[PDB]
Amino acid sequence: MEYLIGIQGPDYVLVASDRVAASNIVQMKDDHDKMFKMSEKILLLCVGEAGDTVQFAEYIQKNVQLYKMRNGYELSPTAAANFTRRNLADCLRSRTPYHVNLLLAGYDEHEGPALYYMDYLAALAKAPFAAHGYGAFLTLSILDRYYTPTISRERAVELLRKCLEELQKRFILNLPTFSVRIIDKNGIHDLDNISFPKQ
Amino acid sequence: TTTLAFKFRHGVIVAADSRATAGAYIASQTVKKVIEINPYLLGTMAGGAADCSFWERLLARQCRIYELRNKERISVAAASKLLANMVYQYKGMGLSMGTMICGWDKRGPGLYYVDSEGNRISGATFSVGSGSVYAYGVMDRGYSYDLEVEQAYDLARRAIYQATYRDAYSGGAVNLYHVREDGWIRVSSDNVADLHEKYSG
Amino acid sequence: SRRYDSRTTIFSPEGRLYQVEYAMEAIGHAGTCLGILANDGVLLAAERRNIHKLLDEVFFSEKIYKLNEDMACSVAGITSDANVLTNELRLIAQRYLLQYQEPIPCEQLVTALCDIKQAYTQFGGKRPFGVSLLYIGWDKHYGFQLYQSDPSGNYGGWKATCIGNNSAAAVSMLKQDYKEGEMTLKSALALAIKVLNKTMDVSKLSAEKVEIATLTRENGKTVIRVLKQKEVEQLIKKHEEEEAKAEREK
Amino acid sequence: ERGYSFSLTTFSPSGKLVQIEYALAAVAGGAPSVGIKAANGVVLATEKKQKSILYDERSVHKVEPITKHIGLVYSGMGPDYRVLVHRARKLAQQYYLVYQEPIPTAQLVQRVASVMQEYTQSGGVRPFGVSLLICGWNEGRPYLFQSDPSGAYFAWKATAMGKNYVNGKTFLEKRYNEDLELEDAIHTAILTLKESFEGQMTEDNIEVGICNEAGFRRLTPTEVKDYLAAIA
Amino acid sequence: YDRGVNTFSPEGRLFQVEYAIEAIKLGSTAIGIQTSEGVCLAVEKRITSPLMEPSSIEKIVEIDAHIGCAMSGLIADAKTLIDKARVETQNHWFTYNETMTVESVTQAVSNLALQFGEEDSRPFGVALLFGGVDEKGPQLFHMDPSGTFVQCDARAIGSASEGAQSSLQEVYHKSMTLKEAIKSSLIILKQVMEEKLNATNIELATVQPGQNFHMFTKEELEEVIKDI
Amino acid sequence: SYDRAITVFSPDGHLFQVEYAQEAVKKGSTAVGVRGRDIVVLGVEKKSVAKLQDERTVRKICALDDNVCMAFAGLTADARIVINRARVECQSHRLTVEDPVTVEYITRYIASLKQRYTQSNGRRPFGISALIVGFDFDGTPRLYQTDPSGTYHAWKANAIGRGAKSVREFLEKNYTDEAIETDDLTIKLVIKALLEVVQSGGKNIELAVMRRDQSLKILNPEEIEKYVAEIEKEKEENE
Amino acid sequence: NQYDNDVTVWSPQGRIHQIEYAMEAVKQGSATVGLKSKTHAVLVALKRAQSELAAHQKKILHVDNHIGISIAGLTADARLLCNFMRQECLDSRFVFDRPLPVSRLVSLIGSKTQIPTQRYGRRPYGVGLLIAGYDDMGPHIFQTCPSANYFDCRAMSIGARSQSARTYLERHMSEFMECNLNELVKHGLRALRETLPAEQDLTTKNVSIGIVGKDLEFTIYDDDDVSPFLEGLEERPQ
Amino acid sequence: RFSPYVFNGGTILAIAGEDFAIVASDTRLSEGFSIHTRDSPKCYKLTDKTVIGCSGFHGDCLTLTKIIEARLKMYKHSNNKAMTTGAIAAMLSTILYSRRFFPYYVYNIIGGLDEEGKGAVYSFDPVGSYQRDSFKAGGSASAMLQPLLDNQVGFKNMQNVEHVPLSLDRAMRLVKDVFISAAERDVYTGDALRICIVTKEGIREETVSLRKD
Amino acid sequence: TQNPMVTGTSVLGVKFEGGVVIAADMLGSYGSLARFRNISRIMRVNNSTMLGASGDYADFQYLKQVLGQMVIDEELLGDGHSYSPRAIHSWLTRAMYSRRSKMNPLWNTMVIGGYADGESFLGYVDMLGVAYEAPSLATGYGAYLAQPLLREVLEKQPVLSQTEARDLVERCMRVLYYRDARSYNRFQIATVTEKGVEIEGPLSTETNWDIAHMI
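In order, the protein sequence lines correspond to chains A, B, C, D, E, F, G, H and I. Residues 1 to 199 (the UniProt record's numbering) are what the first sequence spells out, left to right. Residues 60 to 260 (the UniProt record's numbering) are what the second sequence spells out, left to right. Residues 2 to 251 (the UniProt record's numbering) are what the third sequence spells out, left to right. Residues 3 to 234 (the UniProt record's numbering) are what the fourth sequence spells out, left to right. Residues 8 to 127, 134 to 241 (the UniProt record's numbering) are what the fifth sequence spells out, left to right. Residues 2 to 240 (the UniProt record's numbering) are what the sixth sequence spells out, left to right. Residues 4 to 241 (the UniProt record's numbering) are what the seventh sequence spells out, left to right. Residues 29 to 241 (the UniProt record's numbering) are what the eighth sequence spells out, left to right. Residues 46 to 260 (the UniProt record's numbering) are what the ninth sequence spells out, left to right.
So this is what it looks like as structure tokens:
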């Protein structure tokens with residue numbers, strides 16, 4: 001439903017969800033956070049049934065830290081992505097399935113940055129730029145004409161601006177405020193909250 | 060059915076109606092909805108009587124066990140997490156429960172909102188029930204953080220009066236609870252007709 | 002029913018443990034193994050139990066068990082007792098790979114096997130696994146490695162390991178002839194040839210009595226070289242020329 | 003039952019397992035046998051002397067096929083022997099269910115030895131006093147696998163198990179060699195079995211099975227009396 | 008192994024229960040007195056090192072808002088008993104909106120005081142003093158490992174309990190007051206202990222019908238001690 | 002299961018296994034630990050390596066969370082089981098209530114596990130004794146120890162392993178609240194206590210600390226050499 | 004003596020000694036007496052104490068509206084069989100909606116105690132039951148044993164030094180059938196005052212009496228409704 | 029196919045007095061367009077100070093009554109004392125939620141005295157919630173009886189009408205009036221009336237007839 | 046049973062002075078085909094109580110079996126205590142409720158008649174567990190049809206004689222033969238007294254058809 005974008009760079013991953021926690025008519029919470037800092041270079045975003053989102057984040061966020069304590073080091077983004085896919089694919093054929101839509105943002109020392117893309121039927125994907133929800137019908141074509149693999153981060157933030165400006169022009173939902181993270185050789189750095197005065 | 064809760068500088072205000080119908084038929088006008096969990100917690104009854112009642116009583120039992128094991132009062136977020144985990148195990152089996160978890164924390168003011176759908180979220184203002192949107196309207200007119208005590212009382216009371224005036228599924232007495240830093244206190248319990256005579260002019 | 006119970010796990014009348022010490026002494030009367038310090042590469046040595054002339058030798062491995070694609074292990078003790086552990090061990094590594102699709106980083110592998118062993122040490126009251134066994138392998142986080150499991154479940158990362166009464170003197174030779182820096186596999190093979198030349202009572206060291214396998218890193222692969230016999234033969238001739246070099250001091 | 007579930011077999015101060023060594027001694031006190039792997043086939047031969055002249059040689063059969071191409075003999079006690087035979091049968095047919103292909107003899111010996119090893123360790127049961135001699139002609143090269151009560155196994159060019167098995171072994175080492183045919187292997191097998199058996203040896207005292215590349219074969223007393231009527 | 012878990016005597020009762028009653032004796036002593044004004048309760052911590060922090064050693068634990076406890080001998084078995092008794096009192100409140108009274112508490116404990124069984134594990138090694146205030150006023154309860162639960166007016170447990178019970182029978186009567194019973198109890202405490210009596214040795218636990226909360230005295234205990 | 006109790010009472014009221022299996026902890030590696038006002042200090046002795054081999058895997062001091070620190074004695078395998086179990090437990094506490102785990106909760110878990118492990122049907126009790134150091138509630142420095150019975154027991158300093166009576170008797174003179182309470186002097190005087198071991202090779206010392214907001218830091222034997230040198234300097238100054 | 008270990012082992016004289024040991028352990032409880040009229044079943048027990056200050060360990064305990072049991076031996080097994088007893092009463096009370104006849108309940112008790120005397124890994128129950136009840140054919144005084152060879156009597160007496168009490172029951176079992184409750188109860192304590200040594204007297208606080216009648220619900224009494232019962236006596240003939 | 033419920037109807041009244049709890053109920057058991065009997069009193073006298081009435085599906089009423097009696101005896105045989113009224117109410121609430129996902133189709137009213145000795149009426153619902161009210165009318169005749177009690181018990185929507193405490197006999201004639209007036213228009217009501225009075229001295233019962241159609 | 050295959054039909058019982066008379070017919074119709082026109086739909090339990098049922102006949106056979114087993118068991122107790130009829134009523138009620146709670150209903154409608162200890166008894170048991178006592182019971186269509194005859198005479202006269210009751214049952218069964226499509230002119234009367242239980246034979250009715258000569 002709501003929105004979250006997934007742009008990859010050469011050496012950074014620029015993810016940005018929204019802050020909306022509405023219930024079918026009214027916007028109950030307009031500063032909500034959907035971000036779960038797994039490791040020092042691995043982020044995770046979630047979209048779907050809001051009873052399943054918190055539960056599956058509670059599973060992964062409290063299992064990867066267990067791996068961290070046991071082995072004395074940190075997962076690859078690849079193995080973490082596959083581990084999440086494995087848990088979805090095992091949880092799907094049960095009496096209690098999960099209906100979530102993830103995308104994972106990681107950073108290796110060796111592979112560098114990495115982006116994965118989940119789905120409610122547990123499919124892996126190694127995408128250059130992924131999205132979710134209804135926004136994802138527009139905001140990928142708003143992007144696929146101005147994407148360059150060797151793009152700098154200020155161009156990327158500008159392209160976020162250019163894309164949100166076209167989001168809030170022809171879209172029935174409200175979506176006033178977007179939070180923005182970035183990953184680098186250091187770790188998770190939070191950029192400023194991107195909101196808009198419309199008119 | 061209309062409940063609301065909002066926290067501010069001087070703690071938390073919780074008010075609710077007392078009307079709990081049955082279809083088109085009113086059962087009672089004096090159903091006490093704000094379930095008093097602890098001497099430091101307050102829970103609500105938002106959608107379904109028995110589910111809210113039962114699970115909040117079980118949560119009270121759980122929290123008393125916790126305090127007796129740790130010689131220490133539980134946090135608010137902890138109780139919200141426990142309630143969400145207990146409610147989540149019956150997903151889809153037909154539980155309606157939209158209660159609110161209020162109380163004072165080691166961090167201070169704490170306001171969480173737990174659904175039978177499991178939408179466990181914090182926040183600053185909330186309103187649950189059928190006529191909840193009316194409370195949202197008049198409250199987010201009158202809301203600030205820097206409000207006074209009597210100001211907050213008037214805001215909540217006026218809100219429940221407007222909600223019971225427009226929507227049909229709400230009415231009866233308007234209770235009024237106030238969470239301080241140390242303990243909660245009932246402010247008053249006012250009838251709709253008294254408020255109508257008082258506020259109509 | 003309760004006058005047929007053995008000790009099975011219980012502490013002594015004096016403070017010590019019974020089955021653990023007897024498992025160690027069950028280890029002691031077995032074949033001899035060792036591994037060497039090599040920065041690139043790592044090797045294993047092994048002695049042939051049952052070197053009688055009417056066998057087949059068509060298995061290409063009597064002590065080695067190529068357990069992952071980048072790990073094998075030598076072994077010492079009761080044989081099928083260890084074969085159970087090889088089956089379970091390959092199973093654990095392979096279900097790790099099923100869960101992650103990334104190869105096993107080998108220390109949590111070793112702890113998994115050690116926990117399997119320890120679960121029969123405390124409760125379960127069955128005959129404990131009287132088998133110590135080595136580990137060679139490679140990873141992304143440390144490179145080439147060496148490990149020593151024990152029936153206690155305690156595991157030691159060595160750089161030059163230890164098997165029992167046949168190999169305590171081998172470890173004495175390892176300390177008295179410790180090497181550092183030379184990752185050269187061939188100097189290590191000459192060293193191991195010298196070690197088993199002292200420790201085994203096989204006179205003049207015919208190659209039928211021994212078994213060597215290595216593991217080198219080749220360009221994305223970490224191949225496991227269970228090497229053939231002719232290079233062992235010329236290695237022995239090399240070592241006895243070095244014996245002639247040693248008796249140049251006469 | 004109660005499920006008392008403890009094993010009777012624990013370590014000595016010497017580190018030995020005296021029940022397993024006693025089971026090996028009980029095997030060694032059993033009936034002799036000889037099994038020889040030739041260049042094209044494998045020959046199995048046992049030595050079966052009835053206690054009286056009343057017994058029949060048409061009911062109990064020592065030499066036993068597990069598949070149509072895998073023979074199996076023993077030297078020990080038939081009541082344990084039949085059990086592990088039946089276990090091997092069900093096991094091999096599970097393999098043929100999964101893979102739709104005849105199970106190789108190495109895979110048999112892995113699985114059977116694992117089961118037998120499991121009986122050595124599990125609760126309260128005695129080990130099985132049976133030494134197998136498994137063989138079969140899988141993929142051209144034939145094989146010959148001896149097992150034991152300890153769960154271990156081996157691979158022999160030729161061996162013997164039973165009474166005076168060391169004496170038969172020492173005759174095998176001098177007489178047998180690497181390369182012969184199935185007939186010459188049968189010849190030297192009957193020689194080494196008749197070295198140690200009683201004097202009255204007939205078409206019913208012995209029981210011989212061979213292993214062609216065409217499959218396992220269990221010979222008849224007709225061709226035995228064709229051959230063992232003073233084979234040398 | 009010398010007639011273990013499940014065997015009677017040629018003359019009398021079980022082996023291992025008798026051994027449990029023997030095993031109580033090595034524990035540290037404690038004295039509870041029932042007064043109609045309220046139940047008072049005392050214990051000795053037996054502290055060995057200056058590193059041994061006094062306020063972490065628990066003897067009096069708190070079952071409910073109006074029910075105390077005291078223990079003997081072993082420790083963590085008693086901790087498990089305390090845990091389960093707390094759970095069961097909370098279940099009683101959960102299905103009854105009231106207080107599980109002190110006798111019902113002790114019955115819920117002694118129902119598995121002896122459920123020791125290794126087949127179809135060992136008996137517990139702790140004697141417990143229970144104090145609470147029911148609707149019939151105050152109560153003082155004493156149980157044992159063997160489940161043989163009785164009501165005591167003023168019970169003394171554990172080490173040196175012979176002379177403790179004797180000299181306690183010397184001074185007790187029915188119409189005692191609170192503070193008199195408190196000082197009379199700590200007299201017996203410093204007569205049966207071996208160290209000097211000071212602020213860290215003992216701890217008092219007093220429950221009243223009007224003072225249901227806080228069944229404890231903290232460092233007013235120092236003032237209570239210096240009045241002897 | 003095995004319907005047989007290892008924990009039968011004595012004729013005179015003891016347990017033949019619990020107080021007896023404490024002797025395995027008595028026959029183990031020594032490890033001490035104190036709590037300062039801000040920095041906590043602990044460490045193990047008797048590395049006893051072959052002087053040619055590895056020791057980064059034989060590490061006896063580990064962590065469960067970022068705020069708590071471990072130690073043990075006795076035999077190492079039971080400690081490994083308890084450590085992995087407790088890691089799973091504290092991370093599952095994180096799955097519950099979202100605080101950092103208090104030290105008292107995790108010690109209650111460990112001691113309770115060991116106790117109900119002694120109570121059950123035919124199971125050899127864990128012959129270890131852990132030291133659980135952490136500062137969570139507003140950074141309040143604590144350390145608890147265990148017992149093979151499973152009785153957690155809060156101290157201010159501690160001595161286990163071989164000859165702990167001698168170590169606590171060095172602590173007898175080393176109980177001063179002054180002790181002049183720098184971090185370096187607290188560490189070096191704990192190092193003097195561990196250098197009061199029966200052999201005191203000086204290089205078998207393995208010590209690690211925590212500054213009650215940071216994580217675990219392993220030291221280097223050159224600052225330890227400077228600490229030994231200044232300890233000998235103070236021993237010369239007393240003369 | 005090495006066959007004298009467990010419940011399962013038979014003797015080479017056939018007498019399984021564990022049951023004999025359980026009997027002797029039952030003998031070292033408190034004394035108790037149960038006897039019935041044509042219309043009233045009275046059971047009378049005696050309490051002891053641990054010390055002077057402590058209260059007395061109670062023996063006569065309630066079961067159901069027409070059943071009360073005495074007890075001798077262990078109290079844990081007593082409360083266990085009490086739980087089972089109340090359970091079996093209320094189960095048929097639920098299903099058939101009638102009170103139980105006593106004899107089938109005691110058959111259930113004997114079948115319950117049959118198993119732990121028969122397999123290996125359980126012990127017999129140290130237990131001292133004296134059951135008084137009302138079916139349609141009136142009062143019944145049943146007793147059990149750890150061997151579950153439950154008896155019906157007209158007056159039993161089990162516990163410490165109970166044999167002289169049985170001699171009293173012998174010399175007044177003719178008298179018992181006719182009388183009403185008052186002198187029946189004082190016959191009962193005219194057994195119990197011979198269950199005691201003669202240098203002391205039966206006081207109030209140590210004695211307890213439970214009556215059930217054909218119209219009377221089973222009711223327990225202690226010292227206050229026993230002070231009427233304790234008067235009406237003379238001294239012993241010293 | 030098989031439907032597990034059937035509507036039997038019924039009418040239970042309760043009035044919380046100052047020191048009395050009056051519970052009355054008709055004794056008509058019907059089904060659809062038939063009459064099964066004219067004697068089935070919905071009330072049940074548990075303790076000396078507690079009377080419960082149960083309407084709705086009749087088999088669940090019987091089963092629930094028997095389970096409540098069983099748990100009463102369990103509490104007594106464990107804790108040597110009778111229950112209160114509110115304890116019984118809480119226990120019934122636990123039961124009704126303990127069969128949440130296959131509910132009882134039963135309305136319930138527990139009257140009785142508290143521990144102070146005052147009237148206390150605890151209403152219920154099929155799912156298991158409760159509250160302490162002053163009067164409830166349960167079963168089929170709820171809407172025919174609640175506004176008249178709102179006028180008479182609550183003194184509501186009235187002007188300058190002072191509050192007299194409800195006496196015993198005035199409440200008695202109120203119950204007789206409301207049952208006649210409700211038996212006029214309702215189909216599930218008539219043929220008897222079983223009036224239960226809880227005092228500080230025991231339980232009194234009283235039977236007054238009605239119209240026989 | 047979800048689908049009742051072979052149904053009986055209505056059963057009639059009524060008390061009188063010191064006895065209870067129960068009478069049903071002997072028909073085993075399936076659908077509308079009267080496939081089994083000679084069956085017994087009344088069990089004579091041991092000495093006092095007596096059972097009559099409707100609905101699926103197989104379930105009646107099953108309950109007949111289980112009750113016979115239990116009654117034989119208490120008779121083999123040898124104590125002198127039996128089942129009261131109301132005890133059987135209670136047990137049967139709990140049985141039916143336990144069946145319907147597990148979504149396995151036993152498709153029946155049963156009538157229990159017994160006389161014990163001066164007092165008569167006439168119990169009713171539904172499929173749904175609805176169970177009560179009554180001076181006159183009527184199952185199936187009888188609760189519509191023959192119930193007004195019973196309630197007329199019992200209101201006009203509270204007690205009865207055996208002869209009055211037997212004749213009235215005969216009249217009611219005649220009427221049920223007149224206007225019920227699943228009826229049959231063959232029935233048995235079963236009567237309990239203190240002198241025991243007695244099942245009379247397969248009686249029939251006297252019909253009238255003089256309305257048919259009108260147009």
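Ideal Cβ placement from N, Cα and C applies to all residues, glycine included.
- Taking Cβ positions only, does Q120 (chain F) come closer than 8 angstroms to chain A? Closer than 8 angstroms to the CB of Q120 (chain F) there is not a single CB belonging to chain A.
- Can you pull the DSSP bridge partners for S160 (chain G)? G:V36
- Message: Quick check: is the beta carbon of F129 (chain H) nearer than 8 angstroms to any beta carbon in chain I?
- Response: no
- Item | Nearest neighbour of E111 (chain A), chosen from A:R161, A:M118, A:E49 and A:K126 [CA to CA] | A:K126
- Counterpart residues of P97 (chain A) in DSSP-defined beta bridges: Per DSSP, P97 (chain A) has no beta-bridge partner at all.
- Message: So with CB distances below 7 angstroms, who are the chain E contacts of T122 (chain H)?
- Response: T102
- Query: Is it true that the CB of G135 (chain A) sits closer than 8 angstroms to the CB of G177 (chain B)?
  - Reply: Contact: no.
- Query: At a Cβ cut of 8 angstroms, what residues of the segment 123-137 of chain I count as close to chain G, listed as they run along the chain?
  - Reply: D124, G125, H126, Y128, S129, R131, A132, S135 and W136
- Would you say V98 (chain F) faces chain B, with C-beta separation under 8 angstroms as the test? yes
- Query: Can you tell which of H:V181, H:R66 and H:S195 has its C-alpha closest to the C-alpha of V189 (chain H)?
  - Reply: H:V181
- Query: If you scan the segment 163-238 of chain C from start to end, which runs of the beta strand (DSSP E) of 3 or more residues do you find wholly inside it?
  - Reply: 211-217 and 224-226
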